[PDB]
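In: Experimental structure and sequence below, a few questions after.
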Amino acid sequence: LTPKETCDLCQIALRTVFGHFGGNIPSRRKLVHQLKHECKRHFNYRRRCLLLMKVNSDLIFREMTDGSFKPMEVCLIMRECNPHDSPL
């Protein structure tokens, strides 16, 4: 994966799962079951995605449930996006 792809993928994944719950996220355990499912939709990204959500599910949960949600921002904090890259 390019650093671009890797950034884009972070965003696509978090946005898709956030849209899935329509912003009403029930619990971290549940959030995680979907983050994992969503990781497996991407052949080349599965392995990295899965470890990313594992380590950072608390940060993703917090940011998602605050109402802010901007995917590109949480991906910057995880350093899967750098200030260089762009949103979607």
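Out: It's in. Numbers count the residues shown, from 1 in each chain.
In: For the residue lying closest to residue 50 once chain neighbours are set aside, grab the count of nearby residues.
Out: With sequence-adjacent residues excluded and distances taken as C-beta to C-beta, 6 or more residues apart in numbering, residue 50 is closest to residue 39, at 4.9 Å. To be clear about C-beta, it is placed using only N, CA and C from the backbone, and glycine gets the same treatment. Residue 39: 21 surrounding residues under other C-beta atoms under 10 Å.
In: my guess is residue 39 contacts residue 12, does it?
Out: No: Residue 39 sits out of contact with residue 12 when judged by C-beta atoms under 8 Å, with a separation of 11.0 Å.
In: contacting residues around the residue most central in space within the chain?
Out: Centroid-nearest residue in the chain: residue 14, 3.1 Å away (criterion: C-alpha atoms, centre = their mean). Residue 14 makes contact with 60, 64, 71, 74-75 under the criterion C-beta atoms under 8 Å, 6 or more residues apart in numbering.
In: After the lengthiest helix in the chain, which helix or strand is next?
Out: In terms of residue count, the longest helix belonging to the chain (DSSP state H) is helix 46-65. Sequence-wise, the next helix or strand downstream of helix 46-65 (DSSP states H and E) is helix 71-77.
In: Residue 65 versus the residue nearest to residue 50, what's the distance?
Out: 20 Å (C-beta to C-beta, to the nearest Å).
In: try residue 58
Out: Taken as C-beta to C-beta, the span from residue 58 to residue 65 is 11 Å.
In: Neighbour count: the two, which is higher?
Out: A count of neighbours by other C-beta under 10 Å puts residue 65 above the other of residue 58 and residue 65, at 18 against 11.
In: Grab the nearest non-local neighbour of the more buried one.
Out: residue 25 (5.1 Å).
In: Spit out the contact partners of the one you found.
Out: Contacts of residue 25 by C-beta under 8 Å, 6+ apart are 18, 31, 61, 64-65.
In: and these, which two are the farthest apart?
Out: Among these, the pair separated by the greatest distance (C-beta to C-beta) is 18 and 61, at 10.8 Å.
In: which stretch of helix or strand covers residue 33?
Out: With DSSP H and E as the criterion, the answer for residue 33 is helix 28-39.
In: Quick check: buried residues in that helix?
Out: 28, 31-32, 34-36, 38-39 (16 or more other C-beta atoms under 10 Å).
In: No further queries at this time; thank you.
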